[PDB]
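**Q**
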Amino acid sequence: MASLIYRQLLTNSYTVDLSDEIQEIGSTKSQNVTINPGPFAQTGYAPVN
Amino acid sequence: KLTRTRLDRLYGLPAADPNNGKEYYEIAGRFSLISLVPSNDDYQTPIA
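Protein chains in written order, with UniProt numbering: chain A, 1 to 49; chain B, 438 to 485.
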């Protein structure tokens, strides 16, 4: 029953703090985010004078 | 050309006769275009 439950929920403190460092350094190493405007052009009357 | 005038041989086009006796004057060229009018439907294909 809870022998292995409360065993494992404590033994894997190494997993949890390794996950902490993994997510932190991943957040440091995140890349850029770019959006595409989509299949729709945008234009108008340019030479206003 | 205008005789019996103190002023003569001025520059420009004459003010009386443009008929010129010849056929006509050739003016010709090409064109690009830009406009916006109703066209075919791209809503039918909203995905690549």
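All C-beta atoms, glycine included, are put in the ideal place defined by N, C-alpha and C.
1) Tell me whether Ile464(B) sits in a helix, a strand or coil according to DSSP, three-state version.
2) What would DSSP say about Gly38(A), mapped onto helix, strand or coil?
3) Where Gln31(A) and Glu24(A) are concerned, what is the direct C-alpha to C-alpha distance, given to the nearest angstrom?
**A** The short version:
1) Counting from one through the second sequence, the residue named residue 464(B) turns up at place 27. Coil, per DSSP.
2) For the purposes of this step, residue 38(A) is identified with residue 38 of the first sequence, where counting begins at 1. Three-state DSSP puts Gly38(A) in coil, outside helix and strand.
3) Sequence index remark: in the first sequence, residue 31(A) carries index 31 (1-based). Sequence index remark: in the first sequence, residue 24(A) carries index 24 (1-based). Cα-Cα distance, rounded: 14 Å.
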